[PDB]
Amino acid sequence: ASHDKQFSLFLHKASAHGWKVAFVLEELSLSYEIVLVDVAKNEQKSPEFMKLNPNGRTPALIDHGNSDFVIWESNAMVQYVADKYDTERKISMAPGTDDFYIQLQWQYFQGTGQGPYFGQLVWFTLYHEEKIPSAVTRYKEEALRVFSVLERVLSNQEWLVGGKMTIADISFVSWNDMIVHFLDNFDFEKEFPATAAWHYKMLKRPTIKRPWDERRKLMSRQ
């Protein structure tokens, strides 16, 4: 509000979800200011943040270029910015097309399949009040299953939809980079070669590397 960027992006630094939106904003050359919402201090349950998102979870977006339009759910945030602002369709499918709905299917797989299950692996590994190996194993195996699904497609085609990198592919990047540290003796390239190549190719793009380097800086020992 007291910055001149088109978007306010509210995120928690350790989360996969806000940075995903940042990747897309960078790709689309849209200006944004990050506003940190510190989940470690329970700031996501503050009245201020819950006015933005009644779910009380990060991230959320305010589009100051559209009369301060507020939207949450990281995948819906991505869809909103791509549909409205990716005029040249550099990284998104045209609305209405069959491909748009396949692009949507893949984002729902990311949001409902990758995200919550990766999140439960992290939860039972680090944050649950007791250590439960059967629960950790359940979600470790699920993470590997998710990689296998991606591999089954990406070993046969370059990108998830439309013959080029889109918001569907981009949406997996942050969680995929985060999760490898929670898997046993994990060699990404060895175990899922096509998925690894796809992941690392995206991560080399300066539009994606810059915010990801910023996350690393924010989380690093100051």
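We number the residues from 1 along the sequence you see.
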| query | finding |
| --- | --- |
| Comparing 92-100 with 75-83, the one whose average Cα B-factor in the PDB entry is higher | 92-100 |
| Segment of higher mean CA temperature factor, 15-23 or 205-213 | 205-213 |
| Highest recorded Cα temperature factor - choice among 122, 135, 150, 144 | 135 |
| Member of 168, 35, 196, 62 with the greatest C-alpha B factor (per the PDB record) | 196 |
| Position of residue 173 among the chain's modelled residues by C-alpha B-factor, lowest, middle or highest third | lowest |
| Among modelled residues of the same chain, the CA temperature factor third for residue 66 | middle |
| Where the record places residue 109 (Cα B-factor, split into thirds across the chain) | lowest |
| Where the record places residue 42 (Cα B-factor, split into thirds across the chain) | middle |
| Modelled-residue ranking by C-alpha temperature factor, third containing residue 139 | middle |
